[PDB]
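Next up: a single chain in structure tokens, the form deposited in one PDB entry.
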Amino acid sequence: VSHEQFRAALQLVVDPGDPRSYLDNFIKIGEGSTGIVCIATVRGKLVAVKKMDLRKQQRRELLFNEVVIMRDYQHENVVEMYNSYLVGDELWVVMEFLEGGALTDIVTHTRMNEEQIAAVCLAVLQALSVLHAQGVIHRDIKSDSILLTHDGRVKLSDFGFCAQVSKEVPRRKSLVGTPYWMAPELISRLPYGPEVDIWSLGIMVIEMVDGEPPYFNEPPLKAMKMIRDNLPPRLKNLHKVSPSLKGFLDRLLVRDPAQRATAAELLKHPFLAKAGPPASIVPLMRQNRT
């Protein structure tokens, strides 16, 4: 499929026009897999703009999947998209700005308690149960993909790797994700489904408890071989965690995806009863630390 034809299909979907009319004061706040993210001001609300080069993608079709999903799925725990545009060779998606940043910064700089860990898992499982029911697989669940509001509410972001399964095509086979968070069946190149996100969430629980995913200091291909061949990873800090948290994590990090717990199942797990309110996360954020 041609670039001119791909851009053409995307043009049918995005908002027409040049948003450099509506926006100014662009400040780069980071980089992802698919492009860069800036903050900008509307002509006075401030927004986040993700900018992706149509010609520089390993899997260009995923750009399409991204826009269509956030357009079609609004949930309290999912980052809201306001608009999307084509600007030269770039797809721009305009989204709400979340002042609390990403969970990565919390997990690498602080130790979360179980109330805080439970609140983050509850929020993510709520988003995923709704997405999974409609056949949407996120495929990049990790702390970097979890954003926080000023008052400590959790929002799933970074839908640039998502896919949708259906009755007609109920499994994917593509190798998409981030090595250390990838489910064994996905690493192995087997037909997979929504269950891959449950494993990835398990790995993000490890991040929240231990600060890092398993095998993080290994080359990514070596970590993927270990994920694929070995017993499920265990918490380095095990004696430090409750029986509720261990039993919860034991249901996520199940190698056989057919025996892995679903998002709907896990929403009924007693560990999530520990979830604290959003205000419990606030003191973990960079702006409130010293």
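Superpose the two forms; the largest set of C-alphas matching within 1.5 Å is the rigid core. Position 1 is the first residue in the sequence shown; the rest follow in order.
In summary, of the stretches 183-191 and 71-79, 71-79 shows the greater Cα distance from the shown form in 7 other deposited structures of this protein, with structures fitted on the rigid core. Take 115-123 and 164-172, fit the other structures onto the shown form by the rigid core, and average the C-alpha distances in 7 other deposited structures of this protein: the farther stretch is 164-172. In the deposited sequence, the stretch from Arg43 to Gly44 hides 1 to 3 residues that have no coordinates. Averaged over their C-alpha atoms, the temperature factors of 68-76 and 105-113 are higher for 68-76. Averaged over Cα atoms, the B-factor as recorded in the entry is higher for 167-175 than for the other of 167-175 and 192-200. Of the candidates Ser143, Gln126, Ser157, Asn217, the PDB record gives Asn217 the highest C-alpha temperature factor. Looking at the C-alpha B-factors along this chain, the one for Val1 belongs to the highest third.
The entry lists a Cα temperature factor for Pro19 that places it in the highest third of the chain's modelled residues. Ranked against the other modelled residues of its chain, the C-alpha B-factor of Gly88 as given in the entry falls in the highest third. Among the modelled residues of the chain, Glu265 sits in the middle third by CA temperature factor in this PDB entry. Among the modelled residues of its chain, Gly32 has a C-alpha B-factor that falls in the highest third, as given in the PDB entry.
The form solved in complex with a partner chain exists for this protein as well; it is not shown, and the discussion that follows is about that form.
The single contact residue among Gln116, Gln126, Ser143, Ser84, judged by any heavy atom lying within 4.5 Å of its partner chain in the entry with it bound, is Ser143. Comment: its partner chain is not present in this chain, but in the entry with it bound one of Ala261, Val67, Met224, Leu249 has a heavy atom within 4.5 Å of it, namely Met224. Shown alone here, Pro214 lies farther than 4.5 Å from its partner chain in the entry with it bound, counting heavy atoms only. The closest heavy atom approach of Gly193 to its partner chain in the entry with it bound falls outside 4.5 Å. Its partner chain is not shown here, and in the entry with it bound it never comes within 4.5 Å of any heavy atom of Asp256. Using a 4.5 angstroms threshold between heavy atoms, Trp181 counts as touching its partner chain in the entry with it bound. Between 69-77, 92-100, 118-126, 169-177, the stretch whose residues reach within 4.5 angstroms of its partner chain in the entry with it bound through a non-hydrogen atom is 169-177.
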